[PDB]
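Going down the list, the sequences are from chains F and D. Oh and the first sequence: position 77 is 84 in UniProt numbering, straight run, nothing missing. Oh and the second sequence: position 109 is 149 in UniProt numbering, straight run, nothing missing. All residues carry an ideal CB built from backbone N, CA and C; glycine is no exception.
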Amino acid sequence: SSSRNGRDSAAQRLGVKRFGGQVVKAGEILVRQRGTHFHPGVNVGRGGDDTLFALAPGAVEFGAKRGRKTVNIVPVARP
Amino acid sequence: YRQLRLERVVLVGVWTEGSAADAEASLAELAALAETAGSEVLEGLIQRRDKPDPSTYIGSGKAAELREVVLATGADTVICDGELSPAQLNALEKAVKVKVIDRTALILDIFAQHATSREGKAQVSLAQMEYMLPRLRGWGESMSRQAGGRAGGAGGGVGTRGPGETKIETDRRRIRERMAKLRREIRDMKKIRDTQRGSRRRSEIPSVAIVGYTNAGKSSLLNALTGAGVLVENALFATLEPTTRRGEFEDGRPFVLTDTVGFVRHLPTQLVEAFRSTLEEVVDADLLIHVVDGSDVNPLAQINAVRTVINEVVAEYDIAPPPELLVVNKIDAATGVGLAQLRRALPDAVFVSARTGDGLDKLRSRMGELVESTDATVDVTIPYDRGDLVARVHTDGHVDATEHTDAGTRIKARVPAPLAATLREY
RNA sequence: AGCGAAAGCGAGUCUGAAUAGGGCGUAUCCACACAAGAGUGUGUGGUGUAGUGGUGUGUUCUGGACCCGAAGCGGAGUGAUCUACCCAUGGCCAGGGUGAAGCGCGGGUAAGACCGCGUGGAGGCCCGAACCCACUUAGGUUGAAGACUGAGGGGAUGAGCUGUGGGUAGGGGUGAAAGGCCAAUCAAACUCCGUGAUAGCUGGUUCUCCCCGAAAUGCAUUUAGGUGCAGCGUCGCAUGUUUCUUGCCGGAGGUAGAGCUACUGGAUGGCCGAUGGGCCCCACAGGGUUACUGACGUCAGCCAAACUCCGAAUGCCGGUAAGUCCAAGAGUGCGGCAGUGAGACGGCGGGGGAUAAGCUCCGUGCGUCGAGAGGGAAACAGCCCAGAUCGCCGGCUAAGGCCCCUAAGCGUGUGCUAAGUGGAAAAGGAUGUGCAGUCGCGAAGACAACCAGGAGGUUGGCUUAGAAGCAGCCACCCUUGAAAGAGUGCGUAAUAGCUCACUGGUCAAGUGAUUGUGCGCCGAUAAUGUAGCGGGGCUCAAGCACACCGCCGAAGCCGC
RNA sequence: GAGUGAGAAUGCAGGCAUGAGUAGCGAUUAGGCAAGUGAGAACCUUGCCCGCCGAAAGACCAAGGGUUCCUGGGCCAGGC
RNA sequence: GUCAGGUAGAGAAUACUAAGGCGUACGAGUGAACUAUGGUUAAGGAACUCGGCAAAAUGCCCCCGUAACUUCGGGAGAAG
RNA sequence: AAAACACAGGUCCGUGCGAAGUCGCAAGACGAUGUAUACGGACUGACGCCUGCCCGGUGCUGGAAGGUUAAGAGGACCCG
RNA sequence: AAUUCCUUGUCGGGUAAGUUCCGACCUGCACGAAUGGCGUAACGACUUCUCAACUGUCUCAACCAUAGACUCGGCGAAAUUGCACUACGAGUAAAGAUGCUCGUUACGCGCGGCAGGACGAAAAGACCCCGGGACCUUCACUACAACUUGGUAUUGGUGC
RNA sequence: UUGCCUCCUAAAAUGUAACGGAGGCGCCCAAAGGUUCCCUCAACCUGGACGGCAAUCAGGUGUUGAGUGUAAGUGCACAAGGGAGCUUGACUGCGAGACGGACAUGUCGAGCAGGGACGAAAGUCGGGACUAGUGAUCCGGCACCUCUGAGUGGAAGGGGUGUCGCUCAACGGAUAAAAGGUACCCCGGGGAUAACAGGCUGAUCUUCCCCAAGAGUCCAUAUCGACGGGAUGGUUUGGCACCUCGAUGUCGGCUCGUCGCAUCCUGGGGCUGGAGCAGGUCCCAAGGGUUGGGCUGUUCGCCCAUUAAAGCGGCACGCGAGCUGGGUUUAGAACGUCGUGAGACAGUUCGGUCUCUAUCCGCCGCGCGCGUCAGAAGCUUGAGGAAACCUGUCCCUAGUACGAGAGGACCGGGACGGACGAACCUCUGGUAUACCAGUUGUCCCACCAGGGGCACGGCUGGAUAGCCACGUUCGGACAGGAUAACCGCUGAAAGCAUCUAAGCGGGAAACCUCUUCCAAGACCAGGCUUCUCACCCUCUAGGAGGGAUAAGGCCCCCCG
């Protein structure tokens, strides 16, 4: 005579971390996810845990390839 | 009341009276009752026991095998073919770990689910409240895990703690008050029931009460004879309240046909005191029509059970209904070849199918002699100008044909005593 | 002068194969250059390095550690003068009853046994004083008494009561055993000592002014009333708009919503409808009628926190522009110092609950109280207005009010209210009025009323006691079209009466049903006393809806 | 430099209030009268009546207390 | 712990009294309610009540008579 | 204040004598100046009819053929 | 049944009435033979009922005397106290108001009484819970006493 | 249940609780990893020997619905999905940047070197498509070291690198090692937190109501009203824990009541399946009453007798500063059951201190002072209250109406009663503490007789008064007015009808009088009468302060 439930897991802090039009350093964890909900575009790599991390400086932008949403890092072009 | 999941049931009994045939008949009767209540009979067994065990009602080895068979069949409901005690059922349940009830529990459940009117619904509700009354302390779940349910402390002077009576005593008091109020209510509605038929038995008219164990008439005979269609069924205990109609002979005198609810053998002695409708109706009835099935394994069993119940109520109420004629219906079903066996010792065995049938001409012609005992038997000669000499001589009940004469007419028929006592003149 | 564990080295060192990546120092800075700009490094030349000793302050360590407060632990001792038991030696038990053994006589029986006959005065014997207890009851119950008295009560030759003097002493005694008593206390006495024990617990903590000003959240906890850290407060040091608001721009969401032929599930009815059963020829050959069942399909119409083909508003991250910019007394980093870590209610979205609780758990750059006065609320923390530096015999205002209390209006106009609704309330019913449309008739006097109209084969029907216009029944294509139907409902069981679907002459507008427009009725109904406007009173509104005019209204703003 | 600030800890010691001029004045015996001492007398003294105990409320001891026993003086304290 | 009178009494109980000792230490009134203690009570006699709690009733001596049961003792002072 | 305790009567267990048990670190003492018809401990509680079965578990008694098991004799090999 | 929850088990007695009581049947939740089973004469300030008398226990209470109380004179406390020229109803409030709002009522001061309230006085709730204790139990842990086994010094000597 | 992982809950960033909803993990893979390459399933038709519909092969139709080791989610058809070849990166030293973040943890990482693997030759690989599969610290095991080595040399031991030892699962892991009882209880706290009551909600409960399927001999509504729905009261079981634990004494009984009507009777009405009598429903009606006992503590309930009834409920389940303590609810004891046992029963049985001098309000009476406009007295009205209000039997009406009959009236009167209350003591009866008498014991009055003190007034039989009930007398009304329910008349709105809209009426134990009492502190302080109605001194005349005074009252005194 009780409840069989009542326990869950500490919610891992998923969700995009850096948003469009945002300067990002090399290696910054762009987005933390589980499935490839954001395919790696250019200058961005997919880590072990299906997360997105920059490869080169610049600003983050969100784009779409054939039937997939991905992230890109456009350069800065310093004066 | 509360209804739970059914259709997975087992049956346990003890054969301590009758023979193996009677034990099997009781098992079959219980199986049919459970079926009607909405259960699927899986396994029903009887133990040859002189008297039920005072612990589990079956015994240690019997309980072991019941646990085995029920675990193999995946059922969770046990039904005892009797009236078990809280002590019996506590062990009978601790040995199986599944719900347990008895035939009286089954009958109260089916009565509760078939109840049509608030009257019978309250009667059945009172029956089940009074059956569950003993299980306040007997309700181990109510009186378990109860450490500190009350103030277990004392002292000299200020105590401030007000369970001045044991919590169980307060429960007993409250349930007793509820039951007393319900009993007062069921006694009060006696007057309502009375005034409902108050008009009846004021204008005295023959009343024929159709009696029979459950599944005997089910109002089918009423629908066939009177012609009024009421709730008729092949299931058990379908007619939950009586009903009267006008059916009679060619004579204008009505023969009020009093419906009766079924009487199952081995009653739980809780409705025979609450459901007074049919009992009062048979008490006040003038003639009795005893219904019997001609294809049953032992019609005499039901016959004598009904006779015993009738005699008990008769001695209880200080009455005497001499007219008692039986009728062995359900012969058109052709499911019994003991027709000769019944007829060789039981006259008036007219045949009507379980739900339909005809052939009641002989029935009516034999029944009339026991109710057509009027005292009118007066003839008269009405003069030339009849005028208003039609009121109760022709526009009445038991009025018969007669000859004709020039000087009005010689009415050789019968005129009722109270209606026309001396108004006529020879 | 630091690096590692160290040897050891040294502005380098450790890790290190690594002249390569990192950790730690070369106080800090200025200028120069070289690669790079992947977040800067490398070097060169100058400034060059600030610690320590008193001292106050604020904290913290060990000491009693801001103060008071236990139950209890242990060491040393004092108690058997009360009480428990025992030991030695004394004393006491009025009075009256019962008759055991024992002893001798006789009857007795071979003899015994027994029966009596008299003496005998015992017995944890009987009644009952002293005495010892305390069973009932009344008192007492700040008493006369920290345990008693008045009445009764038990034992009263014994396991009796009692004096005198001794013994048993605390984890011990003693105990006819009740966890009883051991000096008014005993589930481990008493006094001193450790000792100022300890308390996550309760209480208390004393003069003032100024400035700033919380939280009742998250995490962890032998933890849940505590505590560490975090956030929140405060002071100093540095950054100085980096905070915050708004606009614009770039962003991901999957909530509200919405959809199901876009997936997964539930399910409202129809269309063909094999697939199986019936009968089918009972042949399993062989032909399908099939209320059965008919998948998958299809027509229309739905539903879902763990369904989403879709999908907002807010919120959020960033870029940019401004705004506040004599200040929000912003944000950020490091320290000094805490409290906080019981929240509550109100709005919203929710969970639990019965979508009840002044209920409980949640999110809410949401509010208030908490920690907050003032006015409105009848009083009333969580409601509304509004954040009190102080004084003023000034004014304007917010919420709310403007008949009296009670300051301001029994305000001005257009309508409703009949219920004191106002000044509690539901399912439901309903010829109230206020007001929108609408019906065939229809200012032909419409319609009502006065009206001639009283069984057509009209006693048929199913039937014959009559079916007697007429208990009731399935139909009224029925008219010199007059205003009557095998005359139905008021009535007659039978007649008999007269309405009803319906009328000419009198000739004088309504007649049904919707929106029910807003207001109404009831429904409505607890116990101390009007008690469901604060009351008086209010419709001659002081009630309701809408317009307009004003005034009062606080510690708000303004004036000095 | 402080033993530096009380209004509270059922705080401590002293003095006082209200309850209050209230309860109570300590049983199941009971006092009264005349006279006197005295200034002042219900309670003292004397006389005379009544009542109470009388296996005692009498008489004598033990332990216990220790000068209370008696004579002569006093009525501030104590005798409710 | 020792004395223990006189009457009725069996009696050291009980009543009054001898000698002896006391009226013992707040009093005077006052028919209030109500409380304690007693007393008395028509008619019924436990109907109150948890319960005959309390209160009430028998009680002493002498004659008769004395049950089931019984360990043969008793019950038993039965009862009447 | 009792149904509880105790009680006489029973059963069992231990004790062979500075016995067992108990007080006591020990000495010594009670037990007992007693000696199994005694003492101590446990339960039952006069008297009549009787105490049925079971040694599986835990206790108590006693065991041989075996297994486990600390201290000491032991002095192989290794290492310093 | 001092044991029975169901339960006031069912039948027969007791009364007019019997959840208590007695005799039986026995379906013994959850009797049981030395934690003794069943009786038992006598006995019990034990418990339960029944009967005769008895009565103010009662129908239903009444009256009388004392200690009281009360008046007077004397002496003269205490528990309690935040305050005070301390009403009631309807409410509202930490949800039960003498103290707050609206109304109703009420001359000032005492005496005697009744006890509804002032969540009245007394005891920092014995109850429940939190923390600390304490004592007790055991097949809780860890220790020790006591008892018990062996080695070892006291402990030595001739044979196999 | 305690840690970790997944979704929802969870309110479209992150995060977010509940003893909320569904589940998984304390692994498995030496291939299920790395790399190179290749291919696309689920379902359907055409063919069967099985091979079923369906085991295989062909043609296709089929575009993600299959499958992804493990729960679910996110992703994967470009493949992470299936097949095959080689290989061991399931590496070493590192690792800028970071995410998450109280702290401790956890997670990803471009890229450099060594030596590799796979590939043609770029390129990929520091385990598993991701997210769980694990546990810190301390103390020790094992192997290596190019560390140290208590004077030296060593060695032991220590250090380091790698790694091992915990269902420390209470999973931030207080010990390496730990279970229970307390009703013998104690202490510090809590209304942070319960039992009783109060408070909130009304699930449950009580009283209804809403359309009515059917019952009711035909007929849904005379009476029931199913299925479903809407509420009232907060008296039950309840839910929350809001005040109270530095005490709110808890059931029943007794005393005392006060109140609501949701009326048991009594009183007025409608319908009835109301012939009469009998009755049954619903409206109004709270003035009065509403019995005595056996059982059990019992509230309740059952039973015996009655009557009209023996109503339901609140007021801390009213009332314990009013009482008893029956059992509840301490300490004793026993029975059955559980626990090895301490002990427990939420079972039964026996026994188990019920404190308090009334201060304030409150209530019943009692007074004193003052006031009611000179000071008094007498008699009263009555603003306002208070008390009471019950009813049964019988005779006549009348065996009349009614009813064929059985049976049997309404309205009226008349008599007698039960309870309650007031008054009184004439009768009956009780009591009588100074009455009279009889008498026991004792002592005294010298003594006999006759008397007295004491013994409950000694006891006993009487006992006037006073007080009282058991006794006696009286009250419950008749009558008026306005009404509730209900019953009608005139009557339009709406030429009619209609109890209503204006009116008229009948209408009850309810209401106001009628009855009794109090009552002008009735602050509106009342009305009609009577009594003396007159004088002096002081401040310096302005009002006051004294004096004796009139009627009258009081004090004291005799008293009831």
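Residue i to residue j span [Cα, whole Å]
| i | j | result |
| --- | --- | --- |
| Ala71 of chain D | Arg223 of chain D | 32 Å |
| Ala441 of chain D | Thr414 of chain D | 17 Å |
| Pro362 of chain D | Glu352 of chain D | 15 Å |
| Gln40 of chain F | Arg14 of chain F | 23 Å |
| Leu280 of chain D | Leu166 of chain D | 16 Å |
| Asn369 of chain D | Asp398 of chain D | 10 Å |
| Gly437 of chain D | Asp291 of chain D | 6 Å |
| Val420 of chain D | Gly287 of chain D | 29 Å |
| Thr298 of chain D | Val248 of chain D | 6 Å |
Beta-carbon proximity of residue i to residue j, cut-off 9 Å
| i | j | result |
| --- | --- | --- |
| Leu106 of chain D | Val81 of chain D | no |
| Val78 of chain F | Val51 of chain F | yes |
| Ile141 of chain D | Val118 of chain D | yes |
| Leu261 of chain D | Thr283 of chain D | no |
| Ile350 of chain D | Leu366 of chain D | no |
| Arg227 of chain D | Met169 of chain D | no |
With 16 other Cβ atoms within 10 Å as the buried cut-off, status of residue i
| i | result |
| --- | --- |
| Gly65 of chain F | buried |
| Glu108 of chain D | exposed |
| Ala74 of chain D | buried |
| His44 of chain F | exposed |
| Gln128 of chain D | buried |
Exercise. On the three-pair Cβ rule with 8 Å, is the region 57-64 of chain F touching the region 30-37 of chain F?
Worked result: Put simply, the region 57-64 of chain F touches the region 30-37 of chain F. At least three CB pairs are less than 8 Å apart.
For this session: Can you check the region 279-341 of chain D for any alpha helix (DSSP H) of at least 4 residues that lies completely inside it and give the ranges in chain order?
Result: You should have 317-324.
Exercise. Is it a yes or a no for the region 294-304 of chain D touching the region 243-260 of chain D, going by three-plus beta-carbon pairs under 8 Å?
Worked result: Touching, yes.
Exercise. Do the region 41-56 of chain D and the region 94-102 of chain D make contact, defined as three or more Cβ pairs closer than 8 Å?
Worked result: Look at the beta carbons and you see the region 41-56 of chain D touching the region 94-102 of chain D: at least three pairs across the two are nearer than 8 Å.
Exercise. Are at least three pairs of beta-carbons, each pair with one atom in the region 308-317 of chain D and one in the region 268-275 of chain D, less than 8 Å apart?
Worked result: Taking 8 Å as the limit for Cβ pairs, the verdict is that the region 268-275 of chain D does not touch the region 308-317 of chain D.
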